[PDB]
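What follows is start34.cif (mmCIF, N, CA and C atoms).
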```cif
data_structure
loop_
_atom_site.label_atom_id
_atom_site.label_comp_id
_atom_site.auth_asym_id
_atom_site.auth_seq_id
_atom_site.Cartn_x
_atom_site.Cartn_y
_atom_site.Cartn_z
N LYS A 1 35.76 137.23 162.56
CA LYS A 1 36.06 138.26 161.56
C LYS A 1 35.18 138.10 160.29
N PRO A 2 34.71 139.21 159.65
CA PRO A 2 33.87 139.06 158.43
C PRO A 2 34.64 138.43 157.27
N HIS A 3 34.09 137.35 156.67
CA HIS A 3 34.79 136.68 155.58
C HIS A 3 33.88 136.38 154.38
N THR A 4 32.56 136.73 154.43
CA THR A 4 31.65 136.42 153.30
C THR A 4 31.28 137.62 152.43
N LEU A 5 31.56 137.50 151.13
CA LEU A 5 31.27 138.53 150.13
C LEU A 5 30.28 138.01 149.11
N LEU A 6 29.37 138.89 148.68
CA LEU A 6 28.43 138.59 147.61
C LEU A 6 28.69 139.53 146.45
N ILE A 7 29.16 138.97 145.35
CA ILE A 7 29.37 139.70 144.10
C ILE A 7 28.05 139.70 143.35
N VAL A 8 27.59 140.88 142.92
CA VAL A 8 26.36 141.01 142.13
C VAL A 8 26.80 141.55 140.79
N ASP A 9 26.94 140.66 139.81
CA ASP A 9 27.49 141.01 138.50
C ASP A 9 27.09 139.98 137.46
N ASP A 10 26.57 140.45 136.32
CA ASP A 10 26.16 139.56 135.23
C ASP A 10 27.33 139.26 134.28
N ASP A 11 28.43 140.03 134.37
CA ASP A 11 29.60 139.83 133.50
C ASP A 11 30.48 138.71 134.09
N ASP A 12 30.51 137.53 133.42
CA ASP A 12 31.28 136.38 133.90
C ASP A 12 32.76 136.63 133.94
N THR A 13 33.32 137.34 132.94
CA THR A 13 34.77 137.61 132.87
C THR A 13 35.21 138.40 134.10
N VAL A 14 34.52 139.51 134.40
CA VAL A 14 34.82 140.38 135.54
C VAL A 14 34.54 139.64 136.88
N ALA A 15 33.37 138.99 137.00
CA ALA A 15 33.01 138.31 138.25
C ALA A 15 34.02 137.20 138.61
N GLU A 16 34.52 136.48 137.60
CA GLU A 16 35.51 135.42 137.81
C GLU A 16 36.83 136.00 138.31
N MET A 17 37.29 137.11 137.71
CA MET A 17 38.55 137.78 138.07
C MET A 17 38.45 138.36 139.50
N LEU A 18 37.31 138.98 139.86
CA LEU A 18 37.13 139.54 141.21
C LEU A 18 37.16 138.42 142.23
N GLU A 19 36.44 137.33 141.95
CA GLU A 19 36.45 136.18 142.85
C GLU A 19 37.85 135.58 142.99
N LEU A 20 38.62 135.46 141.90
CA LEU A 20 39.97 134.89 142.03
C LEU A 20 40.82 135.69 143.01
N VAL A 21 40.81 137.02 142.85
CA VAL A 21 41.58 137.91 143.72
C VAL A 21 41.07 137.80 145.17
N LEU A 22 39.74 137.86 145.37
CA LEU A 22 39.16 137.82 146.72
C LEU A 22 39.32 136.46 147.41
N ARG A 23 39.36 135.36 146.63
CA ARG A 23 39.65 134.02 147.18
C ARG A 23 41.08 134.00 147.69
N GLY A 24 41.98 134.64 146.94
CA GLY A 24 43.38 134.73 147.34
C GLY A 24 43.53 135.48 148.66
N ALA A 25 42.63 136.45 148.92
CA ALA A 25 42.61 137.27 150.13
C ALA A 25 41.92 136.53 151.30
N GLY A 26 41.43 135.30 151.05
CA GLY A 26 40.85 134.48 152.11
C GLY A 26 39.34 134.53 152.28
N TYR A 27 38.64 135.29 151.43
CA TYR A 27 37.20 135.41 151.52
C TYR A 27 36.42 134.23 150.97
N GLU A 28 35.20 134.04 151.51
CA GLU A 28 34.18 133.14 151.00
C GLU A 28 33.41 134.02 150.00
N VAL A 29 33.40 133.62 148.73
CA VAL A 29 32.85 134.49 147.68
C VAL A 29 31.63 133.85 147.01
N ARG A 30 30.48 134.51 147.17
CA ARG A 30 29.21 134.12 146.58
C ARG A 30 28.95 135.00 145.37
N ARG A 31 28.11 134.54 144.44
CA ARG A 31 27.81 135.34 143.26
C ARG A 31 26.36 135.23 142.85
N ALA A 32 25.76 136.39 142.57
CA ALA A 32 24.43 136.53 141.99
C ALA A 32 24.60 137.28 140.66
N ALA A 33 23.78 136.97 139.66
CA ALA A 33 23.88 137.56 138.32
C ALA A 33 22.98 138.78 138.12
N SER A 34 22.08 139.07 139.07
CA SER A 34 21.16 140.21 138.97
C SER A 34 20.81 140.73 140.35
N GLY A 35 20.28 141.96 140.40
CA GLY A 35 19.82 142.57 141.64
C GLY A 35 18.64 141.83 142.24
N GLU A 36 17.75 141.30 141.37
CA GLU A 36 16.56 140.53 141.77
C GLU A 36 17.00 139.24 142.47
N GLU A 37 17.99 138.54 141.90
CA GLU A 37 18.48 137.31 142.53
C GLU A 37 19.25 137.66 143.81
N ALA A 38 20.05 138.76 143.79
CA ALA A 38 20.82 139.16 144.98
C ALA A 38 19.89 139.42 146.17
N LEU A 39 18.78 140.14 145.96
CA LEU A 39 17.83 140.47 147.02
C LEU A 39 17.26 139.21 147.68
N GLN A 40 16.87 138.20 146.87
CA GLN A 40 16.38 136.92 147.39
C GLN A 40 17.44 136.19 148.24
N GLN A 41 18.69 136.14 147.75
CA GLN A 41 19.79 135.45 148.41
C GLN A 41 20.25 136.12 149.71
N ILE A 42 20.32 137.46 149.73
CA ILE A 42 20.80 138.23 150.87
C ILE A 42 19.96 137.95 152.11
N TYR A 43 18.63 137.93 151.98
CA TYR A 43 17.80 137.78 153.16
C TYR A 43 17.63 136.30 153.57
N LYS A 44 18.09 135.36 152.73
CA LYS A 44 18.09 133.95 153.10
C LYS A 44 19.43 133.62 153.81
N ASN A 45 20.55 134.25 153.36
CA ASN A 45 21.90 134.07 153.93
C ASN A 45 22.67 135.36 153.83
N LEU A 46 22.64 136.15 154.92
CA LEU A 46 23.28 137.46 154.99
C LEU A 46 24.78 137.40 154.79
N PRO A 47 25.31 138.05 153.74
CA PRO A 47 26.77 138.11 153.60
C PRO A 47 27.33 139.25 154.47
N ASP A 48 28.65 139.43 154.50
CA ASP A 48 29.24 140.51 155.30
C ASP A 48 29.40 141.80 154.50
N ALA A 49 29.40 141.70 153.17
CA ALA A 49 29.50 142.83 152.23
C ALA A 49 29.03 142.44 150.84
N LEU A 50 28.64 143.46 150.07
CA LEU A 50 28.18 143.36 148.70
C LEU A 50 29.18 144.03 147.76
N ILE A 51 29.43 143.45 146.60
CA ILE A 51 30.29 144.03 145.56
C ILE A 51 29.35 144.05 144.39
N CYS A 52 28.83 145.24 144.05
CA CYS A 52 27.78 145.36 143.08
C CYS A 52 28.16 146.17 141.84
N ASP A 53 27.91 145.62 140.66
CA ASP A 53 28.10 146.36 139.42
C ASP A 53 26.94 147.38 139.32
N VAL A 54 27.22 148.64 138.89
CA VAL A 54 26.17 149.66 138.67
C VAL A 54 25.21 149.20 137.55
N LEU A 55 25.75 148.41 136.59
CA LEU A 55 25.01 147.86 135.45
C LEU A 55 24.55 146.45 135.75
N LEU A 56 23.23 146.20 135.71
CA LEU A 56 22.69 144.86 135.97
C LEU A 56 21.54 144.58 134.99
N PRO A 57 21.16 143.29 134.73
CA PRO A 57 20.13 143.02 133.69
C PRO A 57 18.72 143.52 134.00
N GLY A 58 18.34 143.59 135.27
CA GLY A 58 17.02 144.10 135.65
C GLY A 58 17.17 145.46 136.29
N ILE A 59 16.90 145.55 137.60
CA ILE A 59 17.12 146.80 138.34
C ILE A 59 18.62 147.09 138.30
N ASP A 60 19.01 148.37 138.23
CA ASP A 60 20.44 148.68 138.18
C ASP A 60 21.05 148.57 139.59
N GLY A 61 22.38 148.68 139.69
CA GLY A 61 23.12 148.61 140.95
C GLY A 61 22.72 149.67 141.96
N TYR A 62 22.40 150.90 141.50
CA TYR A 62 21.97 151.99 142.39
C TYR A 62 20.65 151.62 143.07
N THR A 63 19.70 151.03 142.30
CA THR A 63 18.40 150.59 142.82
C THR A 63 18.61 149.45 143.82
N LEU A 64 19.51 148.51 143.49
CA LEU A 64 19.85 147.41 144.39
C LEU A 64 20.36 147.98 145.72
N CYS A 65 21.33 148.91 145.64
CA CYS A 65 21.92 149.55 146.82
C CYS A 65 20.84 150.26 147.67
N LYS A 66 19.98 151.04 147.02
CA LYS A 66 18.89 151.75 147.70
C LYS A 66 17.95 150.77 148.41
N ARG A 67 17.60 149.64 147.76
CA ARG A 67 16.69 148.66 148.37
C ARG A 67 17.32 147.94 149.57
N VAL A 68 18.61 147.61 149.48
CA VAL A 68 19.34 146.95 150.58
C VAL A 68 19.37 147.90 151.79
N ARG A 69 19.62 149.20 151.54
CA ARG A 69 19.67 150.24 152.57
C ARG A 69 18.32 150.44 153.28
N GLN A 70 17.20 150.12 152.61
CA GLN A 70 15.84 150.28 153.17
C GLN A 70 15.46 149.12 154.13
N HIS A 71 16.11 147.92 154.00
CA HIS A 71 15.84 146.76 154.86
C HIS A 71 16.54 146.94 156.22
N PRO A 72 15.83 146.80 157.38
CA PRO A 72 16.50 146.98 158.68
C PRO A 72 17.71 146.06 158.93
N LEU A 73 17.66 144.80 158.46
CA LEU A 73 18.76 143.85 158.63
C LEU A 73 20.02 144.18 157.79
N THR A 74 19.91 145.06 156.77
CA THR A 74 21.04 145.41 155.91
C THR A 74 21.22 146.93 155.77
N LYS A 75 20.63 147.72 156.70
CA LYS A 75 20.72 149.18 156.71
C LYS A 75 22.18 149.65 156.65
N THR A 76 23.09 148.94 157.34
CA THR A 76 24.50 149.36 157.33
C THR A 76 25.40 148.29 156.68
N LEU A 77 24.82 147.37 155.88
CA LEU A 77 25.60 146.34 155.17
C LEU A 77 26.63 147.01 154.25
N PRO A 78 27.96 146.75 154.41
CA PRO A 78 28.95 147.41 153.54
C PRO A 78 28.75 147.04 152.07
N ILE A 79 28.81 148.05 151.20
CA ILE A 79 28.59 147.88 149.77
C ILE A 79 29.68 148.58 149.01
N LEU A 80 30.30 147.85 148.09
CA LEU A 80 31.30 148.38 147.17
C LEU A 80 30.68 148.38 145.79
N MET A 81 30.64 149.56 145.14
CA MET A 81 30.07 149.67 143.80
C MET A 81 31.17 149.51 142.74
N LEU A 82 30.88 148.78 141.67
CA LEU A 82 31.83 148.60 140.56
C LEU A 82 31.44 149.57 139.47
N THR A 83 32.34 150.50 139.12
CA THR A 83 32.03 151.54 138.12
C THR A 83 32.92 151.44 136.87
N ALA A 84 32.50 152.10 135.78
CA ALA A 84 33.26 152.08 134.53
C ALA A 84 34.50 152.96 134.66
N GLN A 85 35.51 152.67 133.84
CA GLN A 85 36.74 153.45 133.83
C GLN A 85 36.43 154.88 133.44
N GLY A 86 36.94 155.82 134.22
CA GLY A 86 36.76 157.25 134.00
C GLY A 86 35.35 157.79 134.19
N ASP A 87 34.45 157.00 134.81
CA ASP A 87 33.06 157.44 134.99
C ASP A 87 32.89 158.14 136.36
N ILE A 88 32.96 159.48 136.37
CA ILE A 88 32.82 160.26 137.61
C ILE A 88 31.35 160.29 138.08
N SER A 89 30.39 160.43 137.15
CA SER A 89 28.97 160.48 137.51
C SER A 89 28.54 159.22 138.27
N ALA A 90 29.10 158.03 137.89
CA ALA A 90 28.80 156.77 138.57
C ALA A 90 29.29 156.77 140.03
N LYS A 91 30.48 157.37 140.31
CA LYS A 91 30.99 157.48 141.69
C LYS A 91 29.99 158.27 142.53
N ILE A 92 29.58 159.44 142.01
CA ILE A 92 28.63 160.35 142.68
C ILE A 92 27.30 159.62 142.94
N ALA A 93 26.74 158.97 141.90
CA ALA A 93 25.48 158.25 142.04
C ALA A 93 25.60 157.08 143.03
N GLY A 94 26.77 156.42 143.07
CA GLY A 94 27.03 155.31 143.99
C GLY A 94 26.93 155.77 145.43
N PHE A 95 27.59 156.91 145.75
CA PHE A 95 27.51 157.45 147.11
C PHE A 95 26.10 157.96 147.42
N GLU A 96 25.39 158.54 146.42
CA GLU A 96 24.01 159.02 146.64
C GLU A 96 23.09 157.84 146.97
N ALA A 97 23.34 156.67 146.36
CA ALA A 97 22.55 155.45 146.58
C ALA A 97 22.83 154.83 147.98
N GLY A 98 23.92 155.23 148.64
CA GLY A 98 24.27 154.72 149.96
C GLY A 98 25.45 153.77 150.00
N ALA A 99 26.19 153.61 148.88
CA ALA A 99 27.37 152.74 148.86
C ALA A 99 28.47 153.28 149.77
N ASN A 100 29.30 152.38 150.31
CA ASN A 100 30.40 152.77 151.21
C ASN A 100 31.62 153.26 150.42
N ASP A 101 31.86 152.66 149.26
CA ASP A 101 32.97 153.03 148.38
C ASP A 101 32.69 152.47 146.99
N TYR A 102 33.59 152.74 146.05
CA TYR A 102 33.47 152.22 144.69
C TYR A 102 34.85 151.74 144.27
N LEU A 103 34.91 151.05 143.14
CA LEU A 103 36.15 150.66 142.48
C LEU A 103 35.90 150.69 140.99
N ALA A 104 36.73 151.43 140.27
CA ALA A 104 36.57 151.57 138.83
C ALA A 104 37.32 150.48 138.06
N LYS A 105 36.74 150.05 136.93
CA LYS A 105 37.35 149.10 136.00
C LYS A 105 38.68 149.71 135.51
N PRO A 106 39.81 148.97 135.37
CA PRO A 106 39.97 147.50 135.35
C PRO A 106 40.14 146.80 136.71
N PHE A 107 39.81 147.46 137.83
CA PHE A 107 39.79 146.86 139.18
C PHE A 107 41.17 146.35 139.63
N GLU A 108 42.12 147.27 139.85
CA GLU A 108 43.47 146.95 140.32
C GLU A 108 43.37 145.99 141.56
N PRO A 109 43.98 144.79 141.50
CA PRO A 109 43.75 143.78 142.56
C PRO A 109 44.12 144.24 143.97
N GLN A 110 45.26 144.93 144.17
CA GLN A 110 45.56 145.39 145.53
C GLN A 110 44.55 146.45 146.00
N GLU A 111 44.04 147.29 145.07
CA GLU A 111 43.04 148.32 145.41
C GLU A 111 41.73 147.67 145.83
N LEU A 112 41.32 146.61 145.10
CA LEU A 112 40.11 145.84 145.44
C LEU A 112 40.20 145.29 146.87
N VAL A 113 41.32 144.64 147.20
CA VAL A 113 41.53 144.03 148.53
C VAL A 113 41.51 145.12 149.62
N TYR A 114 42.17 146.25 149.36
CA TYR A 114 42.26 147.39 150.27
C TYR A 114 40.88 147.98 150.56
N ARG A 115 40.09 148.26 149.51
CA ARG A 115 38.79 148.91 149.67
C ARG A 115 37.76 148.00 150.32
N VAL A 116 37.80 146.69 150.02
CA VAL A 116 36.92 145.70 150.66
C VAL A 116 37.26 145.62 152.16
N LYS A 117 38.56 145.49 152.48
CA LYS A 117 39.01 145.48 153.87
C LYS A 117 38.50 146.72 154.63
N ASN A 118 38.65 147.91 154.03
CA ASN A 118 38.30 149.17 154.69
C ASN A 118 36.80 149.33 154.92
N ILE A 119 35.95 148.90 153.97
CA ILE A 119 34.49 149.03 154.17
C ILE A 119 34.01 147.99 155.21
N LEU A 120 34.75 146.88 155.39
CA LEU A 120 34.39 145.85 156.36
C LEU A 120 34.84 146.23 157.76
N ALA A 121 35.95 146.99 157.87
CA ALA A 121 36.54 147.40 159.14
C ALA A 121 35.70 148.48 159.83
N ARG A 122 35.27 149.51 159.06
CA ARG A 122 34.49 150.66 159.52
C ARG A 122 33.13 150.23 160.09
#
```
Taking this structure as input, can you express it in the form of structure tokens?
Amino acid sequence: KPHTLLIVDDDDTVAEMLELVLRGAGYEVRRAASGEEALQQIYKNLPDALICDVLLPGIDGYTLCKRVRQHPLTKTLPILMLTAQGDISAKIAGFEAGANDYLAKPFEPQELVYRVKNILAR
């Protein structure tokens, strides 16, 4: 069964909280602080899904998602985009970039577990 997640987020407060919830759900949780570091790590050790913030220090989350989708080994890699509270344009851009789903801040813990499970199942 898929159990490895890669969080791509430069915000320590949010990344720590997401990992706490996902560890409780039984996942192996890896973390990268930028899209540039995530790209290097993914092709050295393929995770089962990506949890990516739309906001990143270098390339943004949409660019990260688009680049992962272009690699044959990660063409269908499940990706969950992290969006700002009440940001509808980010949901639209997330799906345009090829993401499987999104989750808006403050990231309700049962919703996080549900959406990660569903993008991994499909």
Check: Hey, what does DSSP flag as strand (DSSP E) within region 9-70 of chain A? Can you give it to me as a count of residues only?
Finding: 10
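Here the PyMOL selection byres ((chain A and resi 84) around 7) captures the residues residues 82, 83, 85, 86, 87, 88, 90, 103, 104, 105 and 106 of chain A.
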Checklist line | Atomic distance CA of residue 47 (chain A) - CA of residue 29 (chain A), expressed in Å with one decimal | finding: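 Distance reported for this atom pair: 9.2 Å.
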Check: With all atoms listed in the file as the basis for distance, which of A:14, A:99, A:21, A:5 is at the shortest distance from residue 112 (chain A)?
Finding: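 Nearest to residue 112 (chain A): A:21.
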Check: Quick one: of A:117, A:44, A:36, A:13, who's nearest to residue 63 (chain A), counting only C-alpha atoms?
Finding: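 Using only C-alpha atoms, the shortest distance to residue 63 (chain A) belongs to A:36.
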Next item on the list: Take the PyMOL selection byres (((chain A and resi 80 and name CA) around 9) and name CA), apply it to the structure above, and return the hits as a list in words.
Entry: residues 49, 50, 51, 52, 53, 78, 79, 81, 82, 94, 99, 100, 101, 102, 103, 115, 116 and 119 of chain A
Convert the current residue selection to file output with N, CA and C atoms, as an mmCIF file, keeping the file's coordinate frame.
```cif
data_model
loop_
_atom_site.group_PDB
_atom_site.id
_atom_site.type_symbol
_atom_site.label_atom_id
_atom_site.label_comp_id
_atom_site.auth_asym_id
_atom_site.auth_seq_id
_atom_site.Cartn_x
_atom_site.Cartn_y
_atom_site.Cartn_z
ATOM 1 N N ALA A 49 29.400 141.700 153.170
ATOM 2 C CA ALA A 49 29.500 142.830 152.230
ATOM 3 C C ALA A 49 29.030 142.440 150.840
ATOM 4 N N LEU A 50 28.640 143.460 150.070
ATOM 5 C CA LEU A 50 28.180 143.360 148.700
ATOM 6 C C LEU A 50 29.180 144.030 147.760
ATOM 7 N N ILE A 51 29.430 143.450 146.600
ATOM 8 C CA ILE A 51 30.290 144.030 145.560
ATOM 9 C C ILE A 51 29.350 144.050 144.390
ATOM 10 N N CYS A 52 28.830 145.240 144.050
ATOM 11 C CA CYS A 52 27.780 145.360 143.080
ATOM 12 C C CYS A 52 28.160 146.170 141.840
ATOM 13 N N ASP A 53 27.910 145.620 140.660
ATOM 14 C CA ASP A 53 28.100 146.360 139.420
ATOM 15 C C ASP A 53 26.940 147.380 139.320
ATOM 16 N N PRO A 78 27.960 146.750 154.410
ATOM 17 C CA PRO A 78 28.950 147.410 153.540
ATOM 18 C C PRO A 78 28.750 147.040 152.070
ATOM 19 N N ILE A 79 28.810 148.050 151.200
ATOM 20 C CA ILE A 79 28.590 147.880 149.770
ATOM 21 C C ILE A 79 29.680 148.580 149.010
ATOM 22 N N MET A 81 30.640 149.560 145.140
ATOM 23 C CA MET A 81 30.070 149.670 143.800
ATOM 24 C C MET A 81 31.170 149.510 142.740
ATOM 25 N N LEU A 82 30.880 148.780 141.670
ATOM 26 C CA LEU A 82 31.830 148.600 140.560
ATOM 27 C C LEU A 82 31.440 149.570 139.470
ATOM 28 N N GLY A 94 26.770 156.420 143.070
ATOM 29 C CA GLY A 94 27.030 155.310 143.990
ATOM 30 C C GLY A 94 26.930 155.770 145.430
ATOM 31 N N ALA A 99 26.190 153.610 148.880
ATOM 32 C CA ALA A 99 27.370 152.740 148.860
ATOM 33 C C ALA A 99 28.470 153.280 149.770
ATOM 34 N N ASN A 100 29.300 152.380 150.310
ATOM 35 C CA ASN A 100 30.400 152.770 151.210
ATOM 36 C C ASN A 100 31.620 153.260 150.420
ATOM 37 N N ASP A 101 31.860 152.660 149.260
ATOM 38 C CA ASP A 101 32.970 153.030 148.380
ATOM 39 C C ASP A 101 32.690 152.470 146.990
ATOM 40 N N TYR A 102 33.590 152.740 146.050
ATOM 41 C CA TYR A 102 33.470 152.220 144.690
ATOM 42 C C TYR A 102 34.850 151.740 144.270
ATOM 43 N N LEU A 103 34.910 151.050 143.140
ATOM 44 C CA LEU A 103 36.150 150.660 142.480
ATOM 45 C C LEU A 103 35.900 150.690 140.990
ATOM 46 N N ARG A 115 40.090 148.260 149.510
ATOM 47 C CA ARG A 115 38.790 148.910 149.670
ATOM 48 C C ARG A 115 37.760 148.000 150.320
ATOM 49 N N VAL A 116 37.800 146.690 150.020
ATOM 50 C CA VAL A 116 36.920 145.700 150.660
ATOM 51 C C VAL A 116 37.260 145.620 152.160
ATOM 52 N N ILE A 119 35.950 148.900 153.970
ATOM 53 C CA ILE A 119 34.490 149.030 154.170
ATOM 54 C C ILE A 119 34.010 147.990 155.210
#
```
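Here CA of residue 8 (chain A) is placed at a distance of 9.8 Å from CA of residue 39 (chain A).
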Edge lengths and centre in Å to one decimal, as AutoDock Vina command-line options, is what I'm after for the box along x, y and z that holds all listed atoms of region 17-26 of chain A once 4 Å is added on each side.
```
--center_x 40.0 --center_y 136.8 --center_z 145.0 --size_x 15.1 --size_y 13.5 --size_z 22.6
```
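Rounded to one decimal, atom N of residue 22 (chain A) and CA of residue 113 (chain A) lie 7.2 Å from each other.
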Checklist line | Nearby residues (all atoms listed in the file) at most 8 Å from residue 58 (chain A), same-chain spacing under 5 positions excluded, as a list in words | finding: residues 33, 34, 35 and 36 of chain A
Check: Residues of chain A in alpha helix (DSSP H) according to DSSP, as a PyMOL selection string?
Finding: chain A and resi 12-24+35-44+61-70+88-97+109-121
Checklist line | region 65-72 of chain A environment, 7 Å, all atoms listed in the file, sequence neighbours closer than 5 positions dropped, as a list in words | finding: residues 60, 77, 97, 98 and 99 of chain A
Would you put the residues from that selection into a file with N, CA and C atoms, as a short mmCIF file (atom, residue, chain, number, x, y, z; two decimals), keeping the file's coordinate frame?
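Below is the file that was written, part_20.cif:
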```cif
data_model
loop_
_atom_site.label_atom_id
_atom_site.label_comp_id
_atom_site.auth_asym_id
_atom_site.auth_seq_id
_atom_site.Cartn_x
_atom_site.Cartn_y
_atom_site.Cartn_z
N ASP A 60 19.01 148.37 138.23
CA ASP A 60 20.44 148.68 138.18
C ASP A 60 21.05 148.57 139.59
N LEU A 77 24.82 147.37 155.88
CA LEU A 77 25.60 146.34 155.17
C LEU A 77 26.63 147.01 154.25
N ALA A 97 23.34 156.67 146.36
CA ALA A 97 22.55 155.45 146.58
C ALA A 97 22.83 154.83 147.98
N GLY A 98 23.92 155.23 148.64
CA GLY A 98 24.27 154.72 149.96
C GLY A 98 25.45 153.77 150.00
N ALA A 99 26.19 153.61 148.88
CA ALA A 99 27.37 152.74 148.86
C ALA A 99 28.47 153.28 149.77
#
```
Checklist line | Option closest in space to residue 48 (chain A), from A:32, A:11, A:61, A:120 [counting all atoms listed in the file] | finding: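 Going through A:32, A:11, A:61, A:120 one by one, the smallest distance to residue 48 (chain A) is for A:120.
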Item checked: Which residue of A:111, A:74, A:2, A:40 approaches residue 26 (chain A) most closely, using all atoms listed in the file ->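 Under the stated criterion, the closest residue is A:2.
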Repaired coordinates for region 24-40 of chain A (N, CA, C and O atoms) as a PDB file, in the coordinates of the input:
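Writing done, so here's out02.pdb:
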```
ATOM      1  N   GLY A  24      41.980 134.640 146.940  1.00  0.00           N
ATOM      2  CA  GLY A  24      43.380 134.730 147.340  1.00  0.00           C
ATOM      3  C   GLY A  24      43.530 135.480 148.660  1.00  0.00           C
ATOM      4  O   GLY A  24      44.422 135.172 149.452  1.00  0.00           O
ATOM      5  N   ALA A  25      42.630 136.450 148.920  1.00  0.00           N
ATOM      6  CA  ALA A  25      42.610 137.270 150.130  1.00  0.00           C
ATOM      7  C   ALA A  25      41.920 136.530 151.300  1.00  0.00           C
ATOM      8  O   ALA A  25      41.871 137.063 152.402  1.00  0.00           O
ATOM      9  N   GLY A  26      41.430 135.300 151.050  1.00  0.00           N
ATOM     10  CA  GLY A  26      40.850 134.480 152.110  1.00  0.00           C
ATOM     11  C   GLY A  26      39.340 134.530 152.280  1.00  0.00           C
ATOM     12  O   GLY A  26      38.804 133.828 153.135  1.00  0.00           O
ATOM     13  N   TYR A  27      38.640 135.290 151.430  1.00  0.00           N
ATOM     14  CA  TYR A  27      37.200 135.410 151.520  1.00  0.00           C
ATOM     15  C   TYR A  27      36.420 134.230 150.970  1.00  0.00           C
ATOM     16  O   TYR A  27      36.881 133.554 150.046  1.00  0.00           O
ATOM     17  N   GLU A  28      35.200 134.040 151.510  1.00  0.00           N
ATOM     18  CA  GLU A  28      34.180 133.140 151.000  1.00  0.00           C
ATOM     19  C   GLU A  28      33.410 134.020 150.000  1.00  0.00           C
ATOM     20  O   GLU A  28      32.899 135.085 150.369  1.00  0.00           O
ATOM     21  N   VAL A  29      33.400 133.620 148.730  1.00  0.00           N
ATOM     22  CA  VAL A  29      32.850 134.490 147.680  1.00  0.00           C
ATOM     23  C   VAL A  29      31.630 133.850 147.010  1.00  0.00           C
ATOM     24  O   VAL A  29      31.754 132.855 146.305  1.00  0.00           O
ATOM     25  N   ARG A  30      30.480 134.510 147.170  1.00  0.00           N
ATOM     26  CA  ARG A  30      29.210 134.120 146.580  1.00  0.00           C
ATOM     27  C   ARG A  30      28.950 135.000 145.370  1.00  0.00           C
ATOM     28  O   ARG A  30      29.529 136.084 145.266  1.00  0.00           O
ATOM     29  N   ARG A  31      28.110 134.540 144.440  1.00  0.00           N
ATOM     30  CA  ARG A  31      27.810 135.340 143.260  1.00  0.00           C
ATOM     31  C   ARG A  31      26.360 135.230 142.850  1.00  0.00           C
ATOM     32  O   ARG A  31      25.819 134.125 142.766  1.00  0.00           O
ATOM     33  N   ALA A  32      25.760 136.390 142.570  1.00  0.00           N
ATOM     34  CA  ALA A  32      24.430 136.530 141.990  1.00  0.00           C
ATOM     35  C   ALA A  32      24.600 137.280 140.660  1.00  0.00           C
ATOM     36  O   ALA A  32      25.505 138.107 140.537  1.00  0.00           O
ATOM     37  N   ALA A  33      23.780 136.970 139.660  1.00  0.00           N
ATOM     38  CA  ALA A  33      23.880 137.560 138.320  1.00  0.00           C
ATOM     39  C   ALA A  33      22.980 138.780 138.120  1.00  0.00           C
ATOM     40  O   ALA A  33      23.103 139.437 137.092  1.00  0.00           O
ATOM     41  N   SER A  34      22.080 139.070 139.070  1.00  0.00           N
ATOM     42  CA  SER A  34      21.160 140.210 138.970  1.00  0.00           C
ATOM     43  C   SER A  34      20.810 140.730 140.350  1.00  0.00           C
ATOM     44  O   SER A  34      20.977 140.012 141.346  1.00  0.00           O
ATOM     45  N   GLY A  35      20.280 141.960 140.400  1.00  0.00           N
ATOM     46  CA  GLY A  35      19.820 142.570 141.640  1.00  0.00           C
ATOM     47  C   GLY A  35      18.640 141.830 142.240  1.00  0.00           C
ATOM     48  O   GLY A  35      18.526 141.710 143.462  1.00  0.00           O
ATOM     49  N   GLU A  36      17.750 141.300 141.370  1.00  0.00           N
ATOM     50  CA  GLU A  36      16.560 140.530 141.770  1.00  0.00           C
ATOM     51  C   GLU A  36      17.000 139.240 142.470  1.00  0.00           C
ATOM     52  O   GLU A  36      16.454 138.900 143.529  1.00  0.00           O
ATOM     53  N   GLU A  37      17.990 138.540 141.900  1.00  0.00           N
ATOM     54  CA  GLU A  37      18.480 137.310 142.530  1.00  0.00           C
ATOM     55  C   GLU A  37      19.250 137.660 143.810  1.00  0.00           C
ATOM     56  O   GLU A  37      19.096 136.960 144.806  1.00  0.00           O
ATOM     57  N   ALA A  38      20.050 138.760 143.790  1.00  0.00           N
ATOM     58  CA  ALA A  38      20.820 139.160 144.980  1.00  0.00           C
ATOM     59  C   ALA A  38      19.890 139.420 146.170  1.00  0.00           C
ATOM     60  O   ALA A  38      20.171 138.937 147.261  1.00  0.00           O
ATOM     61  N   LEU A  39      18.780 140.140 145.960  1.00  0.00           N
ATOM     62  CA  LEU A  39      17.830 140.470 147.020  1.00  0.00           C
ATOM     63  C   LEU A  39      17.260 139.210 147.680  1.00  0.00           C
ATOM     64  O   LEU A  39      17.282 139.122 148.905  1.00  0.00           O
ATOM     65  N   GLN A  40      16.870 138.200 146.870  1.00  0.00           N
ATOM     66  CA  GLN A  40      16.380 136.920 147.390  1.00  0.00           C
ATOM     67  C   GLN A  40      17.440 136.190 148.240  1.00  0.00           C
ATOM     68  O   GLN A  40      17.135 135.694 149.321  1.00  0.00           O
TER      69      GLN A  40
END
```
